[PDB]
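In what follows, a single structure is set out as structure tokens and then discussed.
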Amino acid sequence: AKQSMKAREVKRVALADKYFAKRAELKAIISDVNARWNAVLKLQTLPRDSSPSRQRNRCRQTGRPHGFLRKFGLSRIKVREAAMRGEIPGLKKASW
Amino acid sequence: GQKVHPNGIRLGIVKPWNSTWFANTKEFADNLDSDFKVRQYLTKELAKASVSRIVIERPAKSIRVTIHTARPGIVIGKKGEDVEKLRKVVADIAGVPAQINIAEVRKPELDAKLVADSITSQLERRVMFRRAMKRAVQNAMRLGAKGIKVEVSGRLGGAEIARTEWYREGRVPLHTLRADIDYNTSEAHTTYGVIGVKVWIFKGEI
Amino acid sequence: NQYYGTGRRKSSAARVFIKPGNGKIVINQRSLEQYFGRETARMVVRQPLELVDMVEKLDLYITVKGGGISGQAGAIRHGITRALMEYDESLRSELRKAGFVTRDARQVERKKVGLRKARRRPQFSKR
Amino acid sequence: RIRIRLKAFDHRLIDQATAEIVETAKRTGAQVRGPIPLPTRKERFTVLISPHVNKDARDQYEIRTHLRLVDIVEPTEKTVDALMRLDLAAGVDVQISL
Amino acid sequence: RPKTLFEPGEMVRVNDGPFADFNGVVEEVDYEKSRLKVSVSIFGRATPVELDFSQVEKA
Amino acid sequence: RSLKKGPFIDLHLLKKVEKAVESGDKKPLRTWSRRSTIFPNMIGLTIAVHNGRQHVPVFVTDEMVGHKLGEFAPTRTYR
RNA sequence: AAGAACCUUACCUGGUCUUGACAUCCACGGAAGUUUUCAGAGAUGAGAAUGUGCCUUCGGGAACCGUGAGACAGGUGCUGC
RNA sequence: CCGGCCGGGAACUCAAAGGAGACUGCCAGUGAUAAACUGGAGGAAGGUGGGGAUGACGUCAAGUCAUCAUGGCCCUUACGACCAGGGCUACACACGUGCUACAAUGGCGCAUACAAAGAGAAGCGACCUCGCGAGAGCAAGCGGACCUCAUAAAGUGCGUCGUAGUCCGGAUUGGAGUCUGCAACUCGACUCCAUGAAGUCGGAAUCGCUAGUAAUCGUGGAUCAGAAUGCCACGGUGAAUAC
RNA sequence: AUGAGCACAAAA
């Protein structure tokens, strides 16, 4: 069940955390206006696969891309099962 | 898909939670994932010990569990050694110190996980399904509470067409939210396919 | 000396404090003609005072939070009725005959799942 | 002048925790203001009930965090010693603040 | 007061605070707050408390 | 539509354009990057831009400056 | 589908890998990790520089990495009749 | 110092905990001397007070082997795996669901009044300054009844337009940009300048709604770097009609 | 106005 897809998301998380917040934030700072340029032409060397936007939120149980909920961390199908067994604390059917 | 989960509808009213910790927005998903991993490992290691409920309470410096077992001698092993290795490996799985607490459960024929797991083991061992749910229903009724219903669905007796067959004795009111119903399901995986067990047990009203 | 009314609409809580004095009334540190005298429903404010057949003998001080215009007007009317309850007891026959003693429990129902509003279903095709 | 706020998913549990805090603050003798209830956060989640296509068939959930503040204003040495492990409940998330 | 400045990983002690007489490691130090966050576990739950630099003095 | 703070050009395509202008007239440069804004340095060359299955050749002249490379390579085929 | 810009990608053209991108077993080793050059569309392929510990009965523990062999891994392939 | 001012019983509102309260409980009539019904007193609410959750045995071999798990079959140097670009956004057409309109109960300018519900740490982001604007500047606060999103809008007075394809309508297009992200050609969202298609209330047919209902008006959340006219929730005004 | 034929193992 989507082993390659979960592997790509794990590799994306590892590569983004490795190459980001040590170089990418500085490149974005120099890209921002100080409060063509040789500085920005030196800047334009960025690789691609380190980006945080390439990551997609997948369910930890099943790896499902769609229907994700961030506070629970699972897709809706798994969230309903965990709620019905009673694993998510404070979850109740809003009968309002 | 008509019927709602009984534990789910009466979770607010009568039944306490299987996990009773508090966390904020940031820690909620990872605490659920850690709870899933420790419960998966405990169920995998102690399926032969037949645990019913693994109640998890996290102070959020450590994590403590209140595991429910029909035979506590199996989980403690000899002099608590199996408990000790299980505590250490569940601690370094969870990444946080752990305390294991075991509660001996009374009436193992009157609790639903062990009824469903016994019927599941009988379907692994090719006991006929009518005798399996009939013994489960009659043993629960003679040992105790006034509600029992066992529904077993899918490929009954090696048929090419799946059927749903259910026996029921006593009174099992699902619509009343005052009722003490414990619903637990277990899947039996035969050679010709998979077959599912649905067990209701009605203790009484609170 | 001060007679108090609770004054709720289903959206607005109008605390009304009535004293004897001048007939000019004040709604949230502001006159009633400034508040909604440009609008309607000034008469529905005056109606509990009109049931006593005099307005000028009493001084009314009103603070009201929540709701909209007609909701605040109805909550103000309810508060004036409860403050006249604190005034006297023989007014209850006339106020109950006018039905102003009751509280309006017509709230807005919630939006239900699968409908565009509370009652409104989407359009339906048999094909 | 330490003011201690506390939140839980369960209203009975947060009531027992707040009762323990006011009893411990009151046995030694301390001027503590009354336990005031902050409003509860109601987190409505709304999920589909079916694996495949059923848009109208859809489930609705809730988390109700009950937040309370115990409002201590008098500090005493036995009080600040006895606040250690007061609530003693896993559901109750207490926070010491000034 | 001497040693009024605190850093992540430093003992703290408050006369009016409940986190004294036990071990204390701070959470965050903010100059704009003019006060520092101290993270001491209470019944096994980590809790931040903000305390003025003149108010808290190390042991 | 892009920001004023920077135009965009791929580094490999830019260095290949530099090799092309220091070499002179040459073979069509094969690029797989349609994202790149062309330049007055690239005005005059005969590079080839890829569009799905096949690469089409494009002779860059003065009328195409701010446009990307992929506007001259068609992605679809209708009729 | 509660969110299709190469990225979520299953589909297409092309460049590539075959005990494998994701697991466990065997043997040979090297800590890990970090910086940087040449190409290439990138995957990758050649080089280098830095670091090289907690160990124990120096068994260089154990992770991680690479390499050779099968056991196998993988499948969003078919049948919801 | 118009900061609902600060000692503050805390009145009242508000918040959330324990309760009270409505049960045909009374009083006449009908019926059988029965359930029950019709009226009225009381009361906030009267007969199920309103809404919601709760969906029996089963039907359709209804839907999902693509959420997951799984029996059988199949590939297993190729139906597996990693990359760059492209596609899922195409377009002689036909249908469903919505949004904006066809104006005068309206459009446009100025001045003003009244909410509820939510979200926020790889976050919401004041104030002040700059820019016609979208926005941009080492700028406080707040993991929250305090800080931010955040301006509610229909309404209300004033002034203008006086039935035109119009000061109605905004599609389309050409220039100039801002944001986001490694990059907005394919294939983003807004701002500004200019253009101003169809559209004069809609054939056969057809949909929703019995009360805070329909219409109409805005607000917030999820997903999400960015992108709703979709979804989910929130309140303002508020009908007509059941012989 | 009409609607191909088969596709209901459900058992000591």
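Simple scheme: letters A, B, ... for chains in structure tokens order, numbers from 1 for residues in each chain, numbers from 1 for ligands in the order shown.
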
Interface list for chain F, partner chain A, 9 Å threshold, only C-alpha atoms, as a tab-separated table (two decimals) with N, CA and C atoms, in the first residue's frame:
```tsv
chain	number	residue	atom	x	y	z
F	5	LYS	N	11.70	41.97	-8.35
F	5	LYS	CA	12.98	41.84	-7.66
F	5	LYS	C	13.89	40.81	-8.32
F	6	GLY	N	13.35	39.99	-9.22
F	6	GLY	CA	14.19	39.07	-9.97
F	6	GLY	C	13.53	38.46	-11.19
F	7	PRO	N	14.23	38.50	-12.32
F	7	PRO	CA	13.86	37.64	-13.45
F	7	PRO	C	14.36	36.23	-13.22
F	8	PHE	N	13.85	35.29	-14.02
F	8	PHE	CA	14.17	33.89	-13.84
F	8	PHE	C	14.81	33.30	-15.09
F	9	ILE	N	15.87	32.54	-14.87
F	9	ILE	CA	16.57	31.78	-15.91
F	9	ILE	C	17.28	30.63	-15.22
F	10	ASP	N	17.17	29.43	-15.79
F	10	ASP	CA	17.86	28.27	-15.24
F	10	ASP	C	19.36	28.44	-15.38
F	11	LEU	N	20.10	27.93	-14.38
F	11	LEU	CA	21.55	28.11	-14.36
F	11	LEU	C	22.22	27.29	-15.46
```

Self-check item: helix (DSSP H, G or I) positions in chain D, given as a PyMOL selection string
Solution: chain D and resi 11-28+77-82

Practice problem: Pull out every residue of chain G sitting within 12 Å of chain A, counting only C-alpha atoms (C1' of nucleotides), and send them as a ChimeraX atom specification. | Solution: /G:1-3,5-10,20-23,33-34,42-43,73-76

Self-check item: Shell around residue 39 of chain E at 10 Å using only C-alpha atoms (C1' of nucleotides), local window under 6 positions removed, as a PyMOL selection string
Solution: (chain D and resi 96) or (chain E and resi 19+24-28+45-50)

Selected residues, N, CA, C and O atoms, written as a PDB file, in the first residue's frame, please.
```pdb
ATOM      1  N   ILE D  96       1.001  27.461  35.787  1.00  0.00           N
ATOM      2  CA  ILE D  96       1.353  28.476  36.773  1.00  0.00           C
ATOM      3  C   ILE D  96       1.802  29.723  36.021  1.00  0.00           C
ATOM      4  O   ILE D  96       2.595  29.631  35.079  1.00  0.00           O
TER       5      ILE D  96
ATOM      6  N   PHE E  19       7.725  26.836  42.020  1.00  0.00           N
ATOM      7  CA  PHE E  19       8.710  25.970  41.381  1.00  0.00           C
ATOM      8  C   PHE E  19      10.030  25.972  42.142  1.00  0.00           C
ATOM      9  O   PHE E  19      10.971  25.263  41.767  1.00  0.00           O
ATOM     10  N   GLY E  24      14.788  23.232  38.532  1.00  0.00           N
ATOM     11  CA  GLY E  24      14.178  24.122  37.564  1.00  0.00           C
ATOM     12  C   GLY E  24      15.038  24.459  36.362  1.00  0.00           C
ATOM     13  O   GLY E  24      16.148  24.979  36.505  1.00  0.00           O
ATOM     14  N   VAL E  25      14.527  24.168  35.167  1.00  0.00           N
ATOM     15  CA  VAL E  25      15.166  24.532  33.906  1.00  0.00           C
ATOM     16  C   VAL E  25      14.217  25.462  33.156  1.00  0.00           C
ATOM     17  O   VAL E  25      13.006  25.218  33.109  1.00  0.00           O
ATOM     18  N   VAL E  26      14.754  26.564  32.628  1.00  0.00           N
ATOM     19  CA  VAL E  26      13.891  27.593  32.065  1.00  0.00           C
ATOM     20  C   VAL E  26      13.509  27.231  30.636  1.00  0.00           C
ATOM     21  O   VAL E  26      14.164  26.403  29.986  1.00  0.00           O
ATOM     22  N   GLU E  27      12.420  27.833  30.150  1.00  0.00           N
ATOM     23  CA  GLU E  27      11.936  27.524  28.809  1.00  0.00           C
ATOM     24  C   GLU E  27      12.452  28.526  27.785  1.00  0.00           C
ATOM     25  O   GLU E  27      13.121  28.150  26.815  1.00  0.00           O
ATOM     26  N   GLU E  28      12.148  29.808  27.982  1.00  0.00           N
ATOM     27  CA  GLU E  28      12.530  30.839  27.028  1.00  0.00           C
ATOM     28  C   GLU E  28      12.793  32.134  27.780  1.00  0.00           C
ATOM     29  O   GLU E  28      12.163  32.420  28.804  1.00  0.00           O
ATOM     30  N   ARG E  45       3.864  17.104  34.217  1.00  0.00           N
ATOM     31  CA  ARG E  45       3.480  17.887  33.046  1.00  0.00           C
ATOM     32  C   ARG E  45       4.275  19.181  33.023  1.00  0.00           C
ATOM     33  O   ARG E  45       4.187  19.979  33.962  1.00  0.00           O
ATOM     34  N   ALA E  46       5.016  19.401  31.936  1.00  0.00           N
ATOM     35  CA  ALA E  46       5.846  20.592  31.809  1.00  0.00           C
ATOM     36  C   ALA E  46       4.984  21.843  31.674  1.00  0.00           C
ATOM     37  O   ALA E  46       4.045  21.889  30.876  1.00  0.00           O
ATOM     38  N   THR E  47       5.319  22.864  32.458  1.00  0.00           N
ATOM     39  CA  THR E  47       4.509  24.062  32.578  1.00  0.00           C
ATOM     40  C   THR E  47       5.393  25.301  32.506  1.00  0.00           C
ATOM     41  O   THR E  47       6.376  25.397  33.256  1.00  0.00           O
ATOM     42  N   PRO E  48       5.098  26.257  31.614  1.00  0.00           N
ATOM     43  CA  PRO E  48       5.867  27.507  31.599  1.00  0.00           C
ATOM     44  C   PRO E  48       5.280  28.574  32.510  1.00  0.00           C
ATOM     45  O   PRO E  48       4.060  28.772  32.556  1.00  0.00           O
ATOM     46  N   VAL E  49       6.150  29.264  33.245  1.00  0.00           N
ATOM     47  CA  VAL E  49       5.768  30.374  34.109  1.00  0.00           C
ATOM     48  C   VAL E  49       6.658  31.568  33.776  1.00  0.00           C
ATOM     49  O   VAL E  49       7.868  31.418  33.573  1.00  0.00           O
ATOM     50  N   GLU E  50       6.045  32.737  33.641  1.00  0.00           N
ATOM     51  CA  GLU E  50       6.778  33.964  33.357  1.00  0.00           C
ATOM     52  C   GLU E  50       7.027  34.723  34.657  1.00  0.00           C
ATOM     53  O   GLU E  50       6.114  34.906  35.473  1.00  0.00           O
TER      54      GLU E  50
END
```

Quiz item: Can you list, as a PyMOL selection string, every protein, DNA or RNA residue that comes within 10 Å of segment 9-24 of chain C when you count only C-alpha atoms (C1' of nucleotides), leaving out same-chain residues fewer than 4 positions away?
Solution: (chain C and resi 1-5+28+31-32+54-84+86-87+103-108) or (chain H and resi 12-14+115-116+235)

Exercise. Can you check which residues of chain D have any atom within 6 Å of chain H? Use only C-alpha atoms (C1' of nucleotides) and format it as a list in words.
Key: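 Only these qualify: residues 37, 38, 39 and 52 of chain D.
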
Would you kindly report the residues of chain B within 9 Å of chain A, using only C-alpha atoms, as a PDB file with N, CA and C atoms, in the first residue's frame?
```pdb
ATOM      1  N   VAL B   4     -24.902   2.958  14.012  1.00  0.00           N
ATOM      2  CA  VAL B   4     -23.755   3.700  14.510  1.00  0.00           C
ATOM      3  C   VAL B   4     -22.996   2.834  15.512  1.00  0.00           C
ATOM      4  N   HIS B   5     -21.746   3.202  15.767  1.00  0.00           N
ATOM      5  CA  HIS B   5     -20.928   2.476  16.721  1.00  0.00           C
ATOM      6  C   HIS B   5     -21.451   2.709  18.137  1.00  0.00           C
ATOM      7  N   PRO B   6     -21.724   1.640  18.897  1.00  0.00           N
ATOM      8  CA  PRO B   6     -22.311   1.810  20.238  1.00  0.00           C
ATOM      9  C   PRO B   6     -21.390   2.499  21.226  1.00  0.00           C
ATOM     10  N   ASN B   7     -20.102   2.131  21.220  1.00  0.00           N
ATOM     11  CA  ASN B   7     -19.106   2.835  22.021  1.00  0.00           C
ATOM     12  C   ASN B   7     -19.018   4.298  21.615  1.00  0.00           C
ATOM     13  N   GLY B   8     -19.150   4.575  20.320  1.00  0.00           N
ATOM     14  CA  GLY B   8     -19.074   5.944  19.851  1.00  0.00           C
ATOM     15  C   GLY B   8     -20.242   6.804  20.290  1.00  0.00           C
ATOM     16  N   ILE B   9     -21.453   6.240  20.310  1.00  0.00           N
ATOM     17  CA  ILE B   9     -22.597   7.081  20.648  1.00  0.00           C
ATOM     18  C   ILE B   9     -22.682   7.255  22.165  1.00  0.00           C
ATOM     19  N   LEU B  11     -20.064   7.107  24.269  1.00  0.00           N
ATOM     20  CA  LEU B  11     -18.793   7.569  24.822  1.00  0.00           C
ATOM     21  C   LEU B  11     -18.968   8.803  25.690  1.00  0.00           C
ATOM     22  N   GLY B  12     -19.802   9.743  25.251  1.00  0.00           N
ATOM     23  CA  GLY B  12     -20.059  10.916  26.067  1.00  0.00           C
ATOM     24  C   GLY B  12     -20.839  10.592  27.325  1.00  0.00           C
ATOM     25  N   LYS B  15     -19.412   5.526  28.762  1.00  0.00           N
ATOM     26  CA  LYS B  15     -18.142   4.823  28.630  1.00  0.00           C
ATOM     27  C   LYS B  15     -16.963   5.789  28.707  1.00  0.00           C
ATOM     28  N   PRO B  16     -15.964   5.500  29.537  1.00  0.00           N
ATOM     29  CA  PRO B  16     -14.753   6.322  29.543  1.00  0.00           C
ATOM     30  C   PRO B  16     -13.887   6.048  28.325  1.00  0.00           C
ATOM     31  N   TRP B  17     -12.909   6.923  28.116  1.00  0.00           N
ATOM     32  CA  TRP B  17     -12.114   6.886  26.897  1.00  0.00           C
ATOM     33  C   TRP B  17     -11.012   5.840  26.992  1.00  0.00           C
ATOM     34  N   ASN B  18     -10.590   5.333  25.833  1.00  0.00           N
ATOM     35  CA  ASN B  18      -9.462   4.406  25.793  1.00  0.00           C
ATOM     36  C   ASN B  18      -8.138   5.148  25.903  1.00  0.00           C
ATOM     37  N   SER B  19      -8.146   6.451  25.640  1.00  0.00           N
ATOM     38  CA  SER B  19      -6.997   7.320  25.864  1.00  0.00           C
ATOM     39  C   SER B  19      -7.489   8.602  26.521  1.00  0.00           C
ATOM     40  N   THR B  20      -6.986   8.890  27.719  1.00  0.00           N
ATOM     41  CA  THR B  20      -7.458  10.018  28.512  1.00  0.00           C
ATOM     42  C   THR B  20      -6.373  11.054  28.784  1.00  0.00           C
ATOM     43  N   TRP B  21      -5.595  11.444  27.777  1.00  0.00           N
ATOM     44  CA  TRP B  21      -4.586  12.470  27.993  1.00  0.00           C
ATOM     45  C   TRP B  21      -5.042  13.814  27.444  1.00  0.00           C
ATOM     46  N   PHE B  22      -4.264  14.851  27.746  1.00  0.00           N
ATOM     47  CA  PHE B  22      -4.477  16.191  27.223  1.00  0.00           C
ATOM     48  C   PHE B  22      -3.235  16.611  26.457  1.00  0.00           C
ATOM     49  N   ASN B  24      -2.026  19.952  23.399  1.00  0.00           N
ATOM     50  CA  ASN B  24      -2.408  21.104  22.606  1.00  0.00           C
ATOM     51  C   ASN B  24      -2.500  20.731  21.130  1.00  0.00           C
ATOM     52  N   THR B  25      -2.540  21.766  20.287  1.00  0.00           N
ATOM     53  CA  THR B  25      -2.633  21.575  18.843  1.00  0.00           C
ATOM     54  C   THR B  25      -1.404  20.857  18.292  1.00  0.00           C
ATOM     55  N   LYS B  26      -0.220  21.188  18.810  1.00  0.00           N
ATOM     56  CA  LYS B  26       1.013  20.683  18.216  1.00  0.00           C
ATOM     57  C   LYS B  26       1.272  19.225  18.584  1.00  0.00           C
ATOM     58  N   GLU B  27       0.913  18.817  19.804  1.00  0.00           N
ATOM     59  CA  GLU B  27       1.327  17.500  20.278  1.00  0.00           C
ATOM     60  C   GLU B  27       0.272  16.438  20.003  1.00  0.00           C
ATOM     61  N   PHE B  28      -0.888  16.845  19.477  1.00  0.00           N
ATOM     62  CA  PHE B  28      -2.046  15.956  19.394  1.00  0.00           C
ATOM     63  C   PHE B  28      -1.827  14.828  18.392  1.00  0.00           C
ATOM     64  N   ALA B  29      -1.362  15.166  17.186  1.00  0.00           N
ATOM     65  CA  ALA B  29      -1.161  14.166  16.141  1.00  0.00           C
ATOM     66  C   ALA B  29      -0.041  13.194  16.494  1.00  0.00           C
ATOM     67  N   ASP B  30       1.060  13.702  17.053  1.00  0.00           N
ATOM     68  CA  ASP B  30       2.172  12.819  17.387  1.00  0.00           C
ATOM     69  C   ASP B  30       1.860  11.975  18.615  1.00  0.00           C
ATOM     70  N   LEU B  32      -1.209  10.857  19.228  1.00  0.00           N
ATOM     71  CA  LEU B  32      -2.059   9.816  18.659  1.00  0.00           C
ATOM     72  C   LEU B  32      -1.238   8.761  17.928  1.00  0.00           C
ATOM     73  N   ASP B  33      -0.196   9.185  17.204  1.00  0.00           N
ATOM     74  CA  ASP B  33       0.654   8.232  16.496  1.00  0.00           C
ATOM     75  C   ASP B  33       1.461   7.369  17.464  1.00  0.00           C
ATOM     76  N   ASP B  35       0.515   6.652  20.580  1.00  0.00           N
ATOM     77  CA  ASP B  35      -0.480   5.765  21.179  1.00  0.00           C
ATOM     78  C   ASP B  35      -0.811   4.604  20.257  1.00  0.00           C
ATOM     79  N   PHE B  36      -0.933   4.881  18.956  1.00  0.00           N
ATOM     80  CA  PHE B  36      -1.172   3.831  17.974  1.00  0.00           C
ATOM     81  C   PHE B  36      -0.021   2.839  17.934  1.00  0.00           C
ATOM     82  N   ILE B  56      -4.849   4.247  28.075  1.00  0.00           N
ATOM     83  CA  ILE B  56      -3.612   5.018  28.042  1.00  0.00           C
ATOM     84  C   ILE B  56      -3.866   6.370  28.689  1.00  0.00           C
ATOM     85  N   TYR B 183     -19.262  -2.886  22.535  1.00  0.00           N
ATOM     86  CA  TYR B 183     -19.133  -3.366  21.179  1.00  0.00           C
ATOM     87  C   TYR B 183     -17.651  -3.517  20.913  1.00  0.00           C
ATOM     88  N   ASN B 184     -17.257  -4.685  20.426  1.00  0.00           N
ATOM     89  CA  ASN B 184     -15.900  -4.937  19.981  1.00  0.00           C
ATOM     90  C   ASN B 184     -15.946  -5.903  18.802  1.00  0.00           C
TER      91      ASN B 184
END
```

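Within chain E, the backbone-based DSSP assignment of strand (DSSP E or B) covers residues 25, 26, 27, 28, 29, 30, 35, 36, 37, 38, 39, 40, 41, 42, 45, 46, 47, 48, 49, 50, 51 and 52 of chain E.
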
Could you save the residues just selected, with N, CA, C and O atoms, as a PDB file, in the first residue's frame?
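This is the output file result.pdb:
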```pdb
ATOM      1  N   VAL E  25      14.527  24.168  35.167  1.00  0.00           N
ATOM      2  CA  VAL E  25      15.166  24.532  33.906  1.00  0.00           C
ATOM      3  C   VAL E  25      14.217  25.462  33.156  1.00  0.00           C
ATOM      4  O   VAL E  25      13.006  25.218  33.109  1.00  0.00           O
ATOM      5  N   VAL E  26      14.754  26.564  32.628  1.00  0.00           N
ATOM      6  CA  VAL E  26      13.891  27.593  32.065  1.00  0.00           C
ATOM      7  C   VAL E  26      13.509  27.231  30.636  1.00  0.00           C
ATOM      8  O   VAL E  26      14.164  26.403  29.986  1.00  0.00           O
ATOM      9  N   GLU E  27      12.420  27.833  30.150  1.00  0.00           N
ATOM     10  CA  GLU E  27      11.936  27.524  28.809  1.00  0.00           C
ATOM     11  C   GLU E  27      12.452  28.526  27.785  1.00  0.00           C
ATOM     12  O   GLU E  27      13.121  28.150  26.815  1.00  0.00           O
ATOM     13  N   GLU E  28      12.148  29.808  27.982  1.00  0.00           N
ATOM     14  CA  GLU E  28      12.530  30.839  27.028  1.00  0.00           C
ATOM     15  C   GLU E  28      12.793  32.134  27.780  1.00  0.00           C
ATOM     16  O   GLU E  28      12.163  32.420  28.804  1.00  0.00           O
ATOM     17  N   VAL E  29      13.734  32.916  27.257  1.00  0.00           N
ATOM     18  CA  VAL E  29      14.091  34.216  27.811  1.00  0.00           C
ATOM     19  C   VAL E  29      13.814  35.269  26.745  1.00  0.00           C
ATOM     20  O   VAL E  29      14.352  35.191  25.635  1.00  0.00           O
ATOM     21  N   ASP E  30      12.973  36.246  27.081  1.00  0.00           N
ATOM     22  CA  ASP E  30      12.582  37.301  26.159  1.00  0.00           C
ATOM     23  C   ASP E  30      12.876  38.659  26.780  1.00  0.00           C
ATOM     24  O   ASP E  30      12.469  38.929  27.915  1.00  0.00           O
ATOM     25  N   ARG E  35      10.798  39.404  31.163  1.00  0.00           N
ATOM     26  CA  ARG E  35      10.576  38.275  32.048  1.00  0.00           C
ATOM     27  C   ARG E  35      10.858  36.999  31.269  1.00  0.00           C
ATOM     28  O   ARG E  35      10.849  36.988  30.038  1.00  0.00           O
ATOM     29  N   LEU E  36      11.100  35.914  31.998  1.00  0.00           N
ATOM     30  CA  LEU E  36      11.600  34.680  31.407  1.00  0.00           C
ATOM     31  C   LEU E  36      10.652  33.524  31.693  1.00  0.00           C
ATOM     32  O   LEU E  36      10.011  33.481  32.748  1.00  0.00           O
ATOM     33  N   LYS E  37      10.545  32.603  30.733  1.00  0.00           N
ATOM     34  CA  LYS E  37       9.698  31.429  30.897  1.00  0.00           C
ATOM     35  C   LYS E  37      10.480  30.293  31.546  1.00  0.00           C
ATOM     36  O   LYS E  37      11.591  29.964  31.123  1.00  0.00           O
ATOM     37  N   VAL E  38       9.894  29.685  32.580  1.00  0.00           N
ATOM     38  CA  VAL E  38      10.535  28.615  33.336  1.00  0.00           C
ATOM     39  C   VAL E  38       9.680  27.359  33.223  1.00  0.00           C
ATOM     40  O   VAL E  38       8.507  27.368  33.610  1.00  0.00           O
ATOM     41  N   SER E  39      10.272  26.278  32.717  1.00  0.00           N
ATOM     42  CA  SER E  39       9.551  25.044  32.418  1.00  0.00           C
ATOM     43  C   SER E  39       9.901  23.968  33.440  1.00  0.00           C
ATOM     44  O   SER E  39      10.903  23.263  33.285  1.00  0.00           O
ATOM     45  N   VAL E  40       9.061  23.828  34.463  1.00  0.00           N
ATOM     46  CA  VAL E  40       9.211  22.789  35.478  1.00  0.00           C
ATOM     47  C   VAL E  40       7.985  21.890  35.416  1.00  0.00           C
ATOM     48  O   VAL E  40       6.852  22.383  35.351  1.00  0.00           O
ATOM     49  N   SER E  41       8.213  20.577  35.416  1.00  0.00           N
ATOM     50  CA  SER E  41       7.120  19.617  35.341  1.00  0.00           C
ATOM     51  C   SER E  41       6.293  19.619  36.622  1.00  0.00           C
ATOM     52  O   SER E  41       6.833  19.559  37.731  1.00  0.00           O
ATOM     53  N   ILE E  42       4.972  19.687  36.467  1.00  0.00           N
ATOM     54  CA  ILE E  42       4.037  19.625  37.584  1.00  0.00           C
ATOM     55  C   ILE E  42       3.158  18.386  37.414  1.00  0.00           C
ATOM     56  O   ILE E  42       2.539  18.190  36.360  1.00  0.00           O
ATOM     57  N   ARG E  45       3.864  17.104  34.217  1.00  0.00           N
ATOM     58  CA  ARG E  45       3.480  17.887  33.046  1.00  0.00           C
ATOM     59  C   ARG E  45       4.275  19.181  33.023  1.00  0.00           C
ATOM     60  O   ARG E  45       4.187  19.979  33.962  1.00  0.00           O
ATOM     61  N   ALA E  46       5.016  19.401  31.936  1.00  0.00           N
ATOM     62  CA  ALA E  46       5.846  20.592  31.809  1.00  0.00           C
ATOM     63  C   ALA E  46       4.984  21.843  31.674  1.00  0.00           C
ATOM     64  O   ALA E  46       4.045  21.889  30.876  1.00  0.00           O
ATOM     65  N   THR E  47       5.319  22.864  32.458  1.00  0.00           N
ATOM     66  CA  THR E  47       4.509  24.062  32.578  1.00  0.00           C
ATOM     67  C   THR E  47       5.393  25.301  32.506  1.00  0.00           C
ATOM     68  O   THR E  47       6.376  25.397  33.256  1.00  0.00           O
ATOM     69  N   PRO E  48       5.098  26.257  31.614  1.00  0.00           N
ATOM     70  CA  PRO E  48       5.867  27.507  31.599  1.00  0.00           C
ATOM     71  C   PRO E  48       5.280  28.574  32.510  1.00  0.00           C
ATOM     72  O   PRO E  48       4.060  28.772  32.556  1.00  0.00           O
ATOM     73  N   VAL E  49       6.150  29.264  33.245  1.00  0.00           N
ATOM     74  CA  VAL E  49       5.768  30.374  34.109  1.00  0.00           C
ATOM     75  C   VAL E  49       6.658  31.568  33.776  1.00  0.00           C
ATOM     76  O   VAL E  49       7.868  31.418  33.573  1.00  0.00           O
ATOM     77  N   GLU E  50       6.045  32.737  33.641  1.00  0.00           N
ATOM     78  CA  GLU E  50       6.778  33.964  33.357  1.00  0.00           C
ATOM     79  C   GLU E  50       7.027  34.723  34.657  1.00  0.00           C
ATOM     80  O   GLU E  50       6.114  34.906  35.473  1.00  0.00           O
ATOM     81  N   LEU E  51       8.292  35.070  34.893  1.00  0.00           N
ATOM     82  CA  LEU E  51       8.742  35.668  36.143  1.00  0.00           C
ATOM     83  C   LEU E  51       9.730  36.783  35.840  1.00  0.00           C
ATOM     84  O   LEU E  51      10.610  36.616  34.990  1.00  0.00           O
ATOM     85  N   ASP E  52       9.599  37.898  36.561  1.00  0.00           N
ATOM     86  CA  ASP E  52      10.472  39.052  36.366  1.00  0.00           C
ATOM     87  C   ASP E  52      11.896  38.741  36.821  1.00  0.00           C
ATOM     88  O   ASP E  52      12.109  37.972  37.763  1.00  0.00           O
TER      89      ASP E  52
END
```

Practice problem: Write out as an MDAnalysis selection string the residues lying within 9 Å of residue 9 of chain I, counting only C-alpha atoms (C1' of nucleotides) and excluding same-chain residues fewer than 2 positions away. | Solution: chainID B and resid 159:161

Give me, as a tab-separated table, the closest atom pair and its distance (Å, one decimal) for every residue of chain D within a cut-off of 10 Å of chain B, counting only C-alpha atoms, rows sorted by chain and rising number.
```
residue	atom	partner	partner_atom	distance
D:7	CA	B:22	CA	8.7
D:8	CA	B:22	CA	6.7
D:9	CA	B:22	CA	7.0
D:10	CA	B:20	CA	9.4
D:49	CA	B:1	CA	9.3
D:50	CA	B:1	CA	8.7
D:65	CA	B:22	CA	9.4
D:88	CA	B:59	CA	8.7
D:89	CA	B:59	CA	7.5
D:90	CA	B:59	CA	4.7
D:91	CA	B:21	CA	5.0
D:92	CA	B:22	CA	6.9
D:93	CA	B:22	CA	6.7
```
